[PDB]
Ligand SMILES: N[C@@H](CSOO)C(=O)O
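We begin with a single chain expressed as structure tokens, specifically the form deposited without S-hydroperoxycysteine.
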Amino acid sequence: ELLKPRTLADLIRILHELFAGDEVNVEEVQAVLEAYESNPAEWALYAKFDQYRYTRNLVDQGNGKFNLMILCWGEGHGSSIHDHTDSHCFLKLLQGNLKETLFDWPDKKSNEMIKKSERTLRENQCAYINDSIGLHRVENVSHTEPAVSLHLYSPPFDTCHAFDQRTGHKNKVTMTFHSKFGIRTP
């Protein structure tokens, strides 16, 4: 029984129920993430920005089943084209808008990675991606509005790949957390 999360803490409690087992009902997780109405006061603690690039702020460790984190995108900040290390990835906008560009997995032959499609993710919307679907880049293209998104990855992962748009070549990147549970972790 999926009920509307009343607050971010309620959403977290519901996610611990949805990930109590060993599999993941993607449509139910996405529906509950979409149903949480972003309340800035509830997540201000985690919305720690950096002037030069987007930040990853860990919110909950999901009893080991998933990492829930808040990403803070300054104006013009964006990600590399990347995969998700065989994990489910949910991305819910909490403030602002983000452009998501989708790319297919490259072939071994060096080639320009051409976008398959693009879309604008708006406040409160929840997107989903996994490696079977493809790769993506996420960008705050706004010149005037910072964006904040809530991401859930299951299983959690600390490393993934960035892809060079010009060649399709990939490199392993280790991600780091800017803060954990509201505490800056330099």
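Position 1 is the first residue in the sequence shown; the rest follow in order.
Novice: If you take the mean CA temperature factor per stretch, which one wins between 120-128 and 154-162?
Specialist: In the deposited entry, the stretch with the higher C-alpha B-factor mean is 154-162.
Novice: On mean Cα temperature factor in this entry, is 99-107 or 77-85 the higher one?
Specialist: Higher mean C-alpha B-factor: 99-107.
Novice: Going by the CA temperature factor in the entry, name the top one among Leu91, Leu71, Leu94, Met113.
Specialist: Top of the list by C-alpha B-factor: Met113.
Novice: Could you tell me which third, lowest, middle or highest, the C-alpha B-factor of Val24 occupies within its chain?
Specialist: Middle third of the chain for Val24's C-alpha B-factor.
Novice: Ranked by Cα temperature factor within the chain, is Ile133 in the lowest third, the middle third or the highest third?
Specialist: Highest third, going by the recorded CA B-factors of the chain.
Novice: In terms of the chain's CA B-factor thirds, is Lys48 lowest, middle or highest?
Specialist: Middle third.
Novice: Considering every modelled residue of the chain and its Cα B-factor in the PDB entry, is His16 in the lowest, middle or highest third?
Specialist: Ranked within chain, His16 CA B lands in the lowest tercile.
Novice: Of the three thirds of its chain by CA temperature factor, lowest, middle or highest, which one includes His143?
Specialist: Middle third, going by the recorded CA B-factors of the chain.
Only in words, not in the display: the form deposited with S-hydroperoxycysteine bound, which the text now covers.
Novice: Give a yes or no for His77: in the entry with it bound, does one of its heavy atoms lie within 4.5 Å of a heavy atom belonging to S-hydroperoxycysteine?
Specialist: No, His77 sits far enough from S-hydroperoxycysteine in the entry with it bound that none of its heavy atoms falls within 4.5 Å.
Novice: Tell me, yes or no, whether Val138 is in contact with S-hydroperoxycysteine in the entry with it bound, where a contact means a heavy atom of each within 4.5 Å.
Specialist: Although S-hydroperoxycysteine is absent here, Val138 would touch it in the entry with it bound, with heavy atoms inside 4.5 Å.
Novice: Any of the heavy atoms of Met175 lying within 4.5 Å of S-hydroperoxycysteine in the entry with it bound?
Specialist: Flag for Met175 set to yes.
Novice: Spell out, yes or no, whether the shortest heavy atom distance between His84 and S-hydroperoxycysteine in the entry with it bound is within 4.5 Å.
Specialist: Answer yes; at least one heavy atom of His84 falls within 4.5 Å of S-hydroperoxycysteine in the entry with it bound.
Novice: Work out which of the listed stretches, 58-66, 31-39, 44-52, 148-156, brings a heavy atom within 4.5 angstroms of S-hydroperoxycysteine in the entry with it bound.
Specialist: Comparing against S-hydroperoxycysteine in the entry with it bound, the contact stretch is 148-156.
Novice: Out of 86-114, which residues reach within 4.5 Å of S-hydroperoxycysteine in the entry with it bound, heavy atoms considered?
Specialist: In sequence order, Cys89, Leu91 come within 4.5 Å of the partner.
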